[PDB]
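Enquirer: build me a model:
(chains A, B and C, ligands or ions: 1)
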Amino acid sequence: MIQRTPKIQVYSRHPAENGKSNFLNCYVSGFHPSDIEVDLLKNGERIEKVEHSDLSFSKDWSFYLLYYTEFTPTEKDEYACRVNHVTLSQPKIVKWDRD
Amino acid sequence: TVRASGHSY
Amino acid sequence: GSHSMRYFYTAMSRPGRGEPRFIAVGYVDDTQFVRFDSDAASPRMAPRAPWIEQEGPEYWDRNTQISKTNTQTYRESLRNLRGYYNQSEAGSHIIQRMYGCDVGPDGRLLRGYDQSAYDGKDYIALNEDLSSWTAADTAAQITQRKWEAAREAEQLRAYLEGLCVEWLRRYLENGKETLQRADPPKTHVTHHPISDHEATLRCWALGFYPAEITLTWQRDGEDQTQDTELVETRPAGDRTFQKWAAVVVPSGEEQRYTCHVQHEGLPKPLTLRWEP
Ligand code: NA
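Expert: Numbers count the residues shown, from 1 in each chain, chains lettered A, B, ... in the order given. Find the structure here:
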């Protein structure tokens, strides 16, 4: 049996400007099988209220999911996505890079 | 609309 | 232009953790419009796009009953395929199925699809003739023989040439202000110096629908396929998509590079360069 590790992208819905309400996105794709744990972190602490899309898959059969929550960026606050999957020895952190 | 439920594999 | 309707089924066993989960989602083009999840407190086909909400109770009840029947059929099917591969009762496995139709600008059937996978590898597919099967191995040949005996191909073709095309036409009309609207990408080029010798030019495409797009970098008019980093197209959360293409260029050669953007929302394709 063959497994595929998730690709992870962390980004905002709209271009990020401090003080303006936006959406923070963690998009996980390319993975198999389908069980996956995804959390959005604000300065290292899990965000409640995080939603996600309905499970679907691409032409190559790998799964993709969008996790998202409304947020308001500032210059202090650090945001990140943490992903756990059977293919990962430990959870992967991906930090929101803004550029 | 979904396709009618078909035969098991 | 052209349009597609697709249903995506995922059935996943989980021994020791209850009966296999069955999930179905329906799309028109890149717009999800329904979902069903056998793990819901009260499973039903539920709306996921505003233009499907107007469908009547007979629609929702039919799509719900079929999905509930499919939950049992896919549990039985996961048991069958476990036997076909002489697999243990302790492992978790996945059947995936995607089926649907493509139609042209005039709503005429372009082609039908019905493909199935087992643990992420091709298992059985209905051929483009909507009449014959391609089985990936001797296990899928067992499914093929069951399905020939039940004349499944005739029933799948009847759906693909009939209900699939007719309901896709209905959805396209009911959702025409979004489904038949192409939103072009908002584009720009950023410049990120790497060192004194090199910098990254990144070509951005934002807010576009549908997802299909082509972003390419040219150096002196020659495509940089080998050297271009393409990120996977990603959903923004508001129905639109995002993508970028990046290339590492020698410092002072930036004006030799052009980004080219093709998308059906654009009158004409776009040529972009870094504007310092
Ligand atoms: Na893990």
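Enquirer: my read is that residue C:143 contacts residue B:9, right?
Expert: Yes. Between residue C:143 and residue B:9 there is a contact at 4.7 Å, judged by CB atoms under 8 Å. To be clear about C-beta, it is placed using only N, CA and C from the backbone, and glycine gets the same treatment.
Enquirer: list residues touching both of those two?
Expert: Each of C:80-81, C:124 lies in contact with both residue C:143 and residue B:9 under the rule CB atoms under 8 Å, 6 or more residues apart in numbering or on different chains.
Enquirer: could I get those residues as a markdown table with secondary structure?
Expert: Listed next are the shared contacts of residue C:143 and residue B:9 as a markdown table, based on DSSP: H, G, I helix; E, B strand; the rest coil:
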| residue | secondary structure |
| --- | --- |
| C:80 | helix |
| C:81 | helix |
| C:124 | strand |
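Enquirer: which of these sits closest to residue C:211?
Expert: residue C:124 (27.4 Å; CB to CB).
Enquirer: partners of that closest one in the sheet?
Expert: residue C:116, residue C:135 (DSSP bridges).
Enquirer: element containing residue A:38, please.
Expert: In this structure, residue A:38 sits in strand A:37-42 according to DSSP states H and E.
Enquirer: what does the helix or strand following that strand contact?
Expert: Following strand A:37-42 in sequence order, the next helix or strand is strand A:45-46 (DSSP H and E). With contact meaning CB under 8 Å, 6+ apart, strand A:45-46 is reached by A:39-40, A:82.
Enquirer: out of these, which is most surrounded?
Expert: residue A:40 (23 neighbours; other CB atoms under 10 Å in any protein chain shown).
Enquirer: so who does that one touch?
Expert: A:24, A:26, A:46-47, A:50, A:67, A:69, A:79-82 are the contacts of residue A:40 under CB under 8 Å, 6+ apart.
Enquirer: apply 6 Å and report the result again.
Expert: A:24, A:26, A:47, A:50, A:69, A:81 (CB atoms under 6 Å, 6 or more residues apart in numbering or on different chains).
Enquirer: what's the nearest residue to it if we skip its chain neighbours?
Expert: residue A:47 (4.6 Å; CB to CB, 6 or more residues apart in numbering or on different chains).
Enquirer: picking that back up, in strands only, show me the contacts of residue A:40.
Expert: Using DSSP state E, the subset of the contacts of residue A:40 located in strands is A:24, A:26, A:69, A:81.
Enquirer: before we move on, the earlier item: what separation do you get for the residue nearest to residue A:40 and chain C?
Expert: Applying CB to the nearest CB, to the nearest Å, the value for residue A:47 to chain C is 15 Å.
Enquirer: okay, now that residue: neighbour count?
Expert: Neighbours of residue A:47 (other CB under 10 Å): 14.
Enquirer: distance of it relative to chain B?
Expert: Taking CB to the nearest CB, one finds residue A:47 at 35 Å from chain B.
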